[PDB]
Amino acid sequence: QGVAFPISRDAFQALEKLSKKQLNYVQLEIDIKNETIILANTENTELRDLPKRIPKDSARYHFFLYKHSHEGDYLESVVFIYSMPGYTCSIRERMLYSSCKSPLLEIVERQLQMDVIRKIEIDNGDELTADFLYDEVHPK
């Protein structure tokens, strides 16, 4: 596991800044032809506008600073999301997003000490409600 697409310079800086909580949201995309991971968006995003960030017509990777209280503690925990809207994506788009995931997570972890608390795979991010996200990170 699995296939490592070079993460662009720009992208790597966004992720780094997320690791230091200077950014709260970093969205990446794969350039299929170039076999490359490139920076799509770093628009400052609160939980309540996260759904709007998730494209409904192509697949994306997301790293999102999830600010929330857990039984006494305010936690600002990094969540990873792989979003995939369905057959609007080509097989090749689906295989690459699926296949290029683990190595991307490996770099962020070993080099940026990102502390990815949870990874989530979703269809559209209507799903990404307040209670959904709390249940993912803090199950029962």
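From 1 onward, residues are counted along the sequence shown.
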(request) Just say lowest, middle or highest third for the CA B-factor of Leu28 relative to the other modelled residues in its chain. (result) middle
(request) Compare the C-alpha B factor of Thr42 with those of the other modelled residues in its chain, then answer lowest, middle or highest third. (result) middle
(request) Tell me, lowest, middle or highest third: where does the Cα B factor of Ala130 rank within its chain? (result) highest
(request) Please place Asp57 in the lowest, middle or highest third of its chain by C-alpha B factor as given in the entry. (result) highest
(request) Just say lowest, middle or highest third for the CA B-factor of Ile120 relative to the other modelled residues in its chain. (result) lowest
